[PDB]
């Protein structure tokens, strides 16, 4: 009475890519098979490509025969660049080189974007710039609030005059670029995101203490083909018990 139950199948690769003289470091996960859809997974502000959330997303996508790549943004994790030089704009430039890496790959069928938080802002504006290429987008707690906070001169507790932004501000151990804050103020987030008319899923925790729920709702009102999933009680980063519910909504939207 022997049983055998397959739970893991495929390949995992450490990838490096160049953007303007910076090395970006990523992990590629593929299922077995010559052709597969491929998701680009994008982390949040001060996070990295190997959060529990993004690992579990790559794992459950692979179970559904969907490949994934997840890169450290410039100034984060193992990728090059000073944290203080990172902006939402140069993270969009990182994501574009990753999209070109994937679009050029002979194994790939359709390209999906998955962005958590600031990674969700990046994903939404990349999709707006490549709506001909991106087939599905998942936004998790997309952090469009970073624009309103930069305009109000209050970024998660760090205060500054929004009309005389310093060169850099102290931020929880780190140095946040004046340029991050000046570009955040004028980011055409919703203006660019609305060019993407293909399917979008927006996943938000009811208990998100970092980004107000209003931001996710505005994405839902601006997208032609959106669904909005409010996960009861979930936190900002979908941690512990809330990880599984974000992963299940992601995998179920992207699966063949």
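Positions refer to the first chain, counted from 1.
Of the two segments, 75 to 83 and 90 to 98, the one listed with the higher mean B-factor is 75 to 83 (C-alpha atoms only).
The question of which stretch, 226 to 234 or 186 to 194, has the higher mean Cα B factor is settled in favour of 226 to 234. The maximum CA B-factor among the listed residues 168, 139, 146, 133, taken from the PDB record, is found at 168. Per-chain ranking of the deposited C-alpha B factor places residue 44 in the lowest third.
For residue 210, the recorded CA B-factor ranks within the highest third of the chain. Only modelled residues enter the ranking. Sort the chain's modelled residues by C-alpha temperature factor and residue 122 lands in the lowest third, per the entry. For residue 112, the recorded CA B-factor ranks within the lowest third of the chain. Only modelled residues enter the ranking.
In the PDB entry, a CA B factor belonging to the lowest third of its chain's modelled residues is recorded for residue 199.
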